[PDB]
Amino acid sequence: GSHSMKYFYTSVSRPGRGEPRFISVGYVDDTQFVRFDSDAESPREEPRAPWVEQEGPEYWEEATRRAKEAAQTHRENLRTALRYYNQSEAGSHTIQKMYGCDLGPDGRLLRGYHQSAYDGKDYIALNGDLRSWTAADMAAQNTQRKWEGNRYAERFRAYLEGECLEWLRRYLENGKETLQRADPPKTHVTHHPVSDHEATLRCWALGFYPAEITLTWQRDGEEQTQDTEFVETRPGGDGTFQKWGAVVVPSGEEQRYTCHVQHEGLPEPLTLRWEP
């Protein structure tokens, strides 16, 4: 149907403590599958998913190599960044980098991602045309020019149309049971009296995948935003996701409220009511 592969990179310089901390993760949709930590006792690409654990030594040697190379590239980017913004070597700085590809339903390249930020703020990002670069500020324009001069977008794109889709399809094929699934959320409504005149209605959706989902409250059939609280979708720790939405309701009007959940794991959108 719709799948994606992304890679995340975080490098943090630590003055007086040696080399910067480098942490990178690999995701297939909402499922992590690889890991590389520079501060691991033996830095190397590690399997974080049962289905990639079948890859031969080659995969891990190459993956580790590319990971370390990425780390070097990141330290390098840290220094160069210090130079662009004219910053001291005694201060800490963070470089973040996310890049991936989306596999269409026809086995083609649907869309690509390649964006990097410096100190929590946008630095430079590849446009949807997959040909031009957009810099967020003055210093990043140096990187934009340097990448325009060496045809970086061309190579990264050769990657998008090549190894990215290939290994993505492969991963999807090896982990069909857990990657090509659409586990619907186990939902239920709970009641929690705030006082004697008020009571909080909480809508629960648990153990669903992927993470994408929408919870909304309705009063008498009309959307409700007032006196409402929706928490950020959260992992269960076992590969699934959770989310709940609550609304403060006058005592005696609970039966006028309905919860609505949208998740691709459900044939149709669910309508929930308080069932004491």
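The first residue of the shown sequence is 1; numbering continues from there.
- Comparing 97-105 with 173-181, the higher mean C-alpha B-factor in the PDB entry belongs to 173-181.
- Higher average CA B factor: 267-275, of the stretches 2-10 and 267-275.
- Highest CA B-factor among the listed residues (29, 238, 61, 41): 41.
- Of the candidates 245, 221, 56, 47, the deposited coordinates give 221 the top C-alpha B factor.
- Residue 231: CA B factor lies in the middle third for its chain, per the PDB record.
- For residue 89, the recorded CA temperature factor ranks within the highest third of the chain's modelled residues.
- Among all modelled residues in its chain, residue 81 ranks in the lowest third by Cα B-factor.
- Among the modelled residues of the chain, residue 36 sits in the lowest third by CA temperature factor in this PDB entry.
- The entry lists a Cα temperature factor for residue 21 that places it in the lowest third of the chain's modelled residues.
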